[PDB]
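Notes to accompany the following structure.
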Amino acid sequence: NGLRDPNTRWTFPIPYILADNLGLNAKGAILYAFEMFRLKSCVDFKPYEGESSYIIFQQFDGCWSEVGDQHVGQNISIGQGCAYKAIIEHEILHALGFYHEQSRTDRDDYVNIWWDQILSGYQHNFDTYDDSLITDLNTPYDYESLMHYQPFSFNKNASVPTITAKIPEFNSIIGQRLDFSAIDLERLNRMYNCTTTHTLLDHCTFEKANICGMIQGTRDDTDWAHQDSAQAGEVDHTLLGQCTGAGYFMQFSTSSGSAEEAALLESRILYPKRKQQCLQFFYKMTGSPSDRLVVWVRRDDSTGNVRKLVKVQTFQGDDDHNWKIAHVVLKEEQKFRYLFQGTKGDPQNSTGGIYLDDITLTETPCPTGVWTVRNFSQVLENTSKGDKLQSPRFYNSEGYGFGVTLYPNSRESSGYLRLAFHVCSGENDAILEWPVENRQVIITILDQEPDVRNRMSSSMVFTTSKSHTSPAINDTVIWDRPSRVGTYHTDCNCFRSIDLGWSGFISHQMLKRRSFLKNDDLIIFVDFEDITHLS
Amino acid sequence: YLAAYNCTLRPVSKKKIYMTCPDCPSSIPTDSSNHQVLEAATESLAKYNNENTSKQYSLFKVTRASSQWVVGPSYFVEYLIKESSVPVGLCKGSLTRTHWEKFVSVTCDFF
Ligand SMILES: *[C@@H]1O[C@H](CO[C@@H]2O[C@@H](C)[C@@H](O)[C@@H](O)[C@@H]2O)[C@@H](O[C@@H]2O[C@H](CO)[C@@H](O[C@@H]3O[C@H](CO)[C@@H](O)[C@H](O)[C@@H]3O)[C@H](O)[C@H]2NC(C)=O)[C@H](O)[C@H]1NC(C)=O
Ligand SMILES: *[C@@H]1O[C@H](CO)[C@@H](O[C@@H]2O[C@H](CO)[C@@H](O[C@@H]3O[C@H](CO)[C@@H](O)[C@H](O)[C@H]3NC(C)=O)[C@H](O)[C@H]2NC(C)=O)[C@H](O)[C@H]1NC(C)=O
Ligand SMILES: *[C@@H]1O[C@H](CO)[C@@H](O[C@@H]2O[C@H](CO)[C@@H](O)[C@H](O)[C@H]2NC(C)=O)[C@H](O)[C@H]1NC(C)=O
Ligand SMILES: *[C@@H]1O[C@H](CO)[C@@H](O)[C@H](O)[C@H]1NC(C)=O
Ligand SMILES: [Ca+2]
Ligand SMILES: [Ca+2]
Ligand SMILES: [Zn+2]
């Protein structure tokens with residue numbers, strides 16, 4: 001579906017204007033889409049500085065882009081609701097010379113068009129382009145493509161699909177609005193000769209015996225096993241024992257030896273392109289409560305030699321021995337290596353160890369707060385419609401307390417999950433301004449793939465605003481100080497606001513697919529950050 | 001002095017628009033067979049009447065219309081109004097439904 005003529009290709013960074021007619025929510029959603037491009041491809045963006053062609057993003061009528069680089073510079077529109085990250089990504093893929101997936105030359109081999117069910121005056125939006133206009137990029141037709149239209153698009157009757165997959169399974173899939181598909185990235189990379197993502201700095205799953213070019217220290221006492229996932233309960237996080245002889249994790253036993261013995265696992269040297277990184281990884285701590293998984297940076301001491309240790313975080317055991325996620329904010333502006341010190345404590349009171357798998361290092365802010373809902377499939381059955389879950393209170397960069405309500409069975413939308421952010425009272429509230437307006441919430445259901453190009457994490461975006469009101473609070477702003485707007489909750493010992501976000505955030509039939517659930521663990525990230533500076 | 005004239009006009013070619021920008025709101029006839037365009041103009045008018053407490057307004061006619069389906073059914077419209085006369089101003093507005101969230105927008109200029 002890519003425009004063949006190479007003149008229509010951008011040259012990076014694409015310079016952009018954000019027009020001031022854009023809301024803050026739309027400006028912040030655009031910059032968040034750019035981060036996804038930079039994270040999953042070599043596509044890059046820069047502020048405008050008088051270049052011959054550029055995108056200007058606009059809040060015009062509808063949500064639309066000219067296709068490919070118009071060498072005069074071009075509008076993109078982002079009307080209401082197109083603030084969703086995936087719709088920005090779709091329009092930016094049009095800007096990057098891509099037509100809709102059902103507009104491929106071969107589309108009739110893969111999708112039915114029900115012309116009789118299209119609104120009169122809209123059949124041309126299902127035109128297909130000849131192969132002189134467009135390449136296939138030697139790629140198959142992709143139902144999972146972000147460029148594809150959903151079944152109910154331009155239809156006469158809300159119940160009747162305009163477009164359906166000839167493989168009938170994919171009716172439940174076409175026109176996903178999660179993210180780029182793997183083939184959309186494969187196409188985008190073939191179109192722009194991208195070999196390296198701007199922000200994926202490293203990832204590792206240990207599947208290979210060279211352990212992703214990690215090394216073990218010798219200053220430490222001992223070494224981490226590269227562990228074969230073969231033992232009865234001790235499976236890797238990548239494959240969960242799904243694939244025999246193939247799952248791997250680093251493991252550090254603590255059931256024997258002295259306390260305070262350690263092993264360093266230490267990365268290969270890394271060259272950060274930004275001032276900030278998030279080291280994500282998955283871990284277990286089935287050993288003693290006094291075991292300590294310490295993450296360290298070894299950085300360039302400015303001689304050009306990486307030897308300056310910096311402790312950056314510690315993790316400690318719980319009754320939850322299951323694979324747990326972690327995120328460590330690194331702030332490395334010079335070449336470095338991330339290190340895991342597994343440290344024994346009370347080995348006589350340990351029956352296990354510290355485990356690592358699925359490490360990912362991205363040059364981004366970390367998720368501000370992360371919630372793992374365990375045994376989620378089982379929770380989803382046991383949940384009655386209108387039953388709710390609430391995250392522990394997370395704290396934002398500015399110290400605003402917040403959290404998410406999750407209703408697994410949305411009564412509003414049978415077969416969907418509802419996620420709704422709320423502000424929580426916390427230790428800072430008296431100093432913070434209220435209402436907490438202009439703060440962009442980004443909820444994200446993590447697609448648990450270690451390679452960020454394999455992730456399609458579902459993500460929804462809103463910004464707190466004076467617009468948000470209820471008679472339940474005399475039609476004052478929902479985002480006012482939770483002492484005067486929220487209802488006290490005994491479990492958090494905190495006041496939680498009226499909660500806002502999406503019924504229909506994701507369908508159960510979509511959450512189960514794509515590995516979002518993984519080991520029955522619905523990992524939700526949240527960000528809740530000021531965007532007033534975009535004004 | 002203009003003695004006499006005749007003019008033939010068209011909306012821009014729908015194929016040539018699609019080829020230039022696939023998601024662009026394709027223009028359509030404004031006649032009463034399009035119930036959903038009338039719903040769009042009356043929703044934007046209802047929003048304008050709810051926003052403007054000083055005076056209330058009624059739909060005379062719909063003068064331009066288009067729609068797009070990406071985030072969901074998304075209609076964009078221009079229409080004429082009178083108070084509650086010769087039509088007093090031109091309205092511009094929209095209606096969009098997602099499966100869950102819904103949006104209406106409006107701006108109007110009096111002559
Ligand atoms: C030995 O370590 C256990 C926990 O570690 C587990 O058991 C060992 C024998 C080894 O098999 C380890 O590999 C394995 O991971 C300690 O028991 C735990 O202690 C904590 C802290 O005292 C208890 O937490 C409290 O729990 C109550 C409710 O039960 C809460 O209200 C408190 O807020 C607090 O969280 C925890 O319950 C307990 N867990 C278990 C499974 O027993 C044990 O105390 C320790 N003993 C010694 C002598 O070091
Ligand atoms: C991605 O990589 C492609 C190669 O894999 C690049 O494709 C090459 O781009 C050249 C221009 O930059 C083309 O040169 C032109 O060739 C035609 C004949 O085919 C001549 O008429 C032109 O005069 C000549 N231009 C010049 C300045 O000499 C190459 O033919 C072309 N090769 C192929 C196999 O297509 C892409 O440019 C590159 N794209 C990006 C965005 O990086
Ligand atoms: C939308 O399509 C559905 C399915 O084709 C139509 O539903 C049927 O309507 C008839 C009456 O015309 C009923 O007797 C059937 O029982 C209905 N079937 C179902 C599955 O409910 C529906 O009428 C169409 N609506 C419009 C406005 O076109
Ligand atoms: C998850 O489910 C299994 C059985 O399916 C059960 O043994 C285990 O205790 C559950 N764990 C949690 C944290 O609920
Ligand atoms: Ca060692
Ligand atoms: Ca692994
Ligand atoms: Zn499109």
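By order in the structure tokens, chains are A, B, ...; within a chain, residues start at 1; ligands start at 1, following the order shown.
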Test item: residues at most 7 Å from stretch 38-44 of chain B, only C-alpha atoms, excluding those fewer than 3 positions along its chain, as a PDB file with C-alpha atoms, in the first residue's frame:
ATOM      1  CA  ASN B  34     -29.692  12.362   4.472  1.00  0.00           C
ATOM      2  CA  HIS B  35     -31.275  12.051   7.962  1.00  0.00           C
ATOM      3  CA  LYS B  47     -25.189  22.709  21.349  1.00  0.00           C
ATOM      4  CA  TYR B  48     -25.168  26.361  20.153  1.00  0.00           C
ATOM      5  CA  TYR B  75     -20.294  14.481   9.853  1.00  0.00           C
ATOM      6  CA  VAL B  77     -21.832  20.709   8.007  1.00  0.00           C
ATOM      7  CA  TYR B  79     -26.294  25.571   7.674  1.00  0.00           C
ATOM      8  CA  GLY B  93     -20.480  22.430  12.933  1.00  0.00           C
ATOM      9  CA  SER B  94     -20.005  18.669  13.382  1.00  0.00           C
ATOM     10  CA  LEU B  95     -21.302  15.434  14.927  1.00  0.00           C
ATOM     11  CA  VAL B 104     -20.519  17.777  18.782  1.00  0.00           C
ATOM     12  CA  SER B 105     -18.926  21.100  17.698  1.00  0.00           C
ATOM     13  CA  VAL B 106     -20.341  24.440  16.497  1.00  0.00           C
TER      14      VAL B 106
END
Exercise for review: Restrict the distance test to only C-alpha atoms, flag each residue of chain A within 7 Å of chain B, and return the flagged residues as number ranges by chain.
Suggested key: A: 61-67, 80-82, 99, 121, 124-125, 153-154, 503-504
Could you please take those selected residues and save N, CA and C atoms as an mmCIF file, in the first residue's frame?
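Final output, part-v3.cif:
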data_model
loop_
_atom_site.group_PDB
_atom_site.id
_atom_site.type_symbol
_atom_site.label_atom_id
_atom_site.label_comp_id
_atom_site.auth_asym_id
_atom_site.auth_seq_id
_atom_site.Cartn_x
_atom_site.Cartn_y
_atom_site.Cartn_z
ATOM 1 N N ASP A 61 -11.903 20.188 10.456
ATOM 2 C CA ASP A 61 -12.971 19.203 10.336
ATOM 3 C C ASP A 61 -12.406 17.844 9.932
ATOM 4 N N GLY A 62 -12.626 16.815 10.740
ATOM 5 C CA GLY A 62 -12.176 15.460 10.431
ATOM 6 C C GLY A 62 -10.689 15.228 10.684
ATOM 7 N N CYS A 63 -10.190 14.067 10.286
ATOM 8 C CA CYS A 63 -8.893 13.576 10.719
ATOM 9 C C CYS A 63 -8.167 12.954 9.552
ATOM 10 N N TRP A 64 -7.343 13.699 8.856
ATOM 11 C CA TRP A 64 -7.005 13.350 7.488
ATOM 12 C C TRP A 64 -5.672 13.939 7.092
ATOM 13 N N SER A 65 -5.026 13.354 6.096
ATOM 14 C CA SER A 65 -3.709 13.745 5.635
ATOM 15 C C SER A 65 -3.634 13.557 4.145
ATOM 16 N N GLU A 66 -2.953 14.453 3.448
ATOM 17 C CA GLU A 66 -2.481 14.135 2.108
ATOM 18 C C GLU A 66 -1.506 12.961 2.181
ATOM 19 N N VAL A 67 -1.322 12.204 1.104
ATOM 20 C CA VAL A 67 -0.502 10.993 1.165
ATOM 21 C C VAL A 67 0.877 11.265 0.610
ATOM 22 N N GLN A 80 -12.106 15.936 16.683
ATOM 23 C CA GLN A 80 -12.411 15.402 18.010
ATOM 24 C C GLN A 80 -12.334 13.872 18.031
ATOM 25 N N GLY A 81 -11.823 13.301 19.117
ATOM 26 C CA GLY A 81 -11.621 11.856 19.233
ATOM 27 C C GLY A 81 -10.434 11.319 18.437
ATOM 28 N N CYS A 82 -9.982 12.030 17.411
ATOM 29 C CA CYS A 82 -8.777 11.498 16.726
ATOM 30 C C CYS A 82 -7.539 11.782 17.573
ATOM 31 N N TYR A 99 -1.377 4.313 1.641
ATOM 32 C CA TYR A 99 -2.818 4.215 1.433
ATOM 33 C C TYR A 99 -3.462 3.170 2.335
ATOM 34 N N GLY A 121 -22.887 7.762 -1.981
ATOM 35 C CA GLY A 121 -22.033 8.963 -1.937
ATOM 36 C C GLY A 121 -20.697 8.664 -1.279
ATOM 37 N N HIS A 124 -16.621 5.418 -3.266
ATOM 38 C CA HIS A 124 -15.272 5.740 -3.731
ATOM 39 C C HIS A 124 -14.205 5.624 -2.633
ATOM 40 N N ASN A 125 -14.564 5.701 -1.347
ATOM 41 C CA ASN A 125 -13.609 5.489 -0.254
ATOM 42 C C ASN A 125 -13.134 4.031 -0.143
ATOM 43 N N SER A 153 -17.542 0.461 8.617
ATOM 44 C CA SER A 153 -17.063 1.745 8.105
ATOM 45 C C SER A 153 -17.917 2.196 6.920
ATOM 46 N N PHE A 154 -18.388 3.450 6.896
ATOM 47 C CA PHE A 154 -19.287 4.008 5.865
ATOM 48 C C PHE A 154 -20.582 3.219 5.585
ATOM 49 N N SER A 503 -15.240 3.326 29.005
ATOM 50 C CA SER A 503 -15.952 2.071 28.779
ATOM 51 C C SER A 503 -15.569 1.621 27.377
ATOM 52 N N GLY A 504 -15.434 0.323 27.157
ATOM 53 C CA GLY A 504 -14.961 -0.133 25.856
ATOM 54 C C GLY A 504 -13.479 0.150 25.587
#
Practice item. Please give me, as a VMD selection string, the residues lying within 12 Å of ligand 1 when counting only C-alpha atoms and all ligand atoms. Key: chain A and resid 253 to 256 284 to 291 316 to 322 344 to 354
Pull C-alpha atoms from the residues just selected and write them as a compact mmCIF listing (two decimals), in the first residue's frame.
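This is the output file part-v5.txt:
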# COMPACT_ATOMS: atom_id res chain seq x y z
CA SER A 253 20.14 -19.04 43.53
CA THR A 254 20.00 -17.83 47.13
CA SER A 255 19.19 -21.22 48.81
CA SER A 256 22.91 -21.77 49.70
CA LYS A 284 11.02 -13.09 40.38
CA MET A 285 12.34 -13.21 43.97
CA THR A 286 11.36 -16.60 45.37
CA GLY A 287 14.33 -16.67 47.80
CA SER A 288 14.63 -14.92 51.22
CA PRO A 289 12.85 -11.60 52.05
CA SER A 290 16.40 -10.25 52.69
CA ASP A 291 17.59 -11.07 49.14
CA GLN A 316 13.06 -7.05 47.45
CA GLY A 317 11.04 -10.27 47.83
CA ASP A 318 7.33 -10.78 48.66
CA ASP A 319 4.82 -13.62 49.09
CA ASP A 320 4.13 -12.99 45.35
CA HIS A 321 6.79 -15.24 43.80
CA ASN A 322 5.26 -14.84 40.27
CA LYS A 344 21.89 -13.26 48.93
CA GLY A 345 20.34 -12.60 52.34
CA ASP A 346 19.74 -15.33 54.98
CA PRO A 347 20.35 -18.32 52.56
CA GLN A 348 19.30 -20.77 55.31
CA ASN A 349 15.83 -19.10 55.01
CA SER A 350 15.71 -19.30 51.16
CA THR A 351 14.27 -22.07 48.91
CA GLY A 352 14.85 -20.24 45.61
CA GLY A 353 16.44 -17.23 43.92
CA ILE A 354 16.35 -14.04 41.87
Proximity of chain A to ligand 5: per-residue shortest pair, 7 Å limit, only C-alpha atoms and all ligand atoms, as CSV:
residue,atom,partner,partner_atom_place_in_ligand_line,distance
A:216,CA,ligand 5,1 (Ca),4.7
A:217,CA,ligand 5,1 (Ca),4.1
A:218,CA,ligand 5,1 (Ca),4.5
A:219,CA,ligand 5,1 (Ca),6.8
A:220,CA,ligand 5,1 (Ca),5.0
A:221,CA,ligand 5,1 (Ca),5.9
A:222,CA,ligand 5,1 (Ca),4.4
A:223,CA,ligand 5,1 (Ca),4.0
A:263,CA,ligand 5,1 (Ca),4.8
A:264,CA,ligand 5,1 (Ca),5.5
Review point. Mind listing the residues within 12 Å of ligand 4, only C-alpha atoms and all ligand atoms counted, as number ranges by chain?
Key: A: 318-324, 372-379, 382, 519-521
